[PDB]
């Protein structure tokens, strides 16, 4: 994990994080971080390879207020798996279907809460033949991910702003 700490710039750091995630077996990621006093977007540091059409769709639809992982991050330090049970409201149901259309189906989000009051998330999505396979995989690497998210948080917070 030391390679993240030793990155000098955002481009280098992002490429290292993306490669680490890929080597682990996740094809898509989002790392997002806000400074302490900031609420919604605006000065958010966002990296990764989420589909650009999804990012724009999400913003226009005001999905920060719909996405169940966002509310979860505001109240918890524990991972939230993208299971059907988290998409409860009608808007969350459509959110799930639209995310799926954009290729985001199986995954998890690790909330990020930095020492300086940074608020964010490391989300990782996996391609799998089915949900059971995706969950077996995520469980198999969970302790590694749990360390990764804190290393990414500490190093990213130092570069983000």
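Numbering follows the first chain given and starts at 1. Rigid core (definition): largest C-alpha set, two forms, superposition within 1.5 Å.
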{"property": "Between 58-66 and 116-124, larger RMS Cα displacement in 4 other deposited structures of this protein after core fit", "result": "58-66"}
{"property": "Higher-deviation segment by CA RMS in 4 other deposited structures of this protein, core fitted, 45-53 or 105-113", "result": "45-53"}
{"property": "Given 128-136 and 95-103, the range whose Cα B-factors average higher in the PDB entry", "result": "128-136"}
{"property": "Stretch with the greater mean C-alpha B-factor as recorded in the entry, comparing 3-11 against 151-159", "result": "3-11"}
{"property": "Residue with maximal Cα B-factor (values as given in the PDB entry) among 123, 49, 69, 43", "result": "43"}
{"property": "Out of 115, 61, 119, 29, residue topping the C-alpha B-factor column of the entry", "result": "61"}
{"property": "Ranked C-alpha temperature factor of residue 89 among modelled chain residues, by third", "result": "lowest"}
{"property": "CA B-factor placement of residue 141, once the chain's modelled residues are sorted into thirds", "result": "highest"}
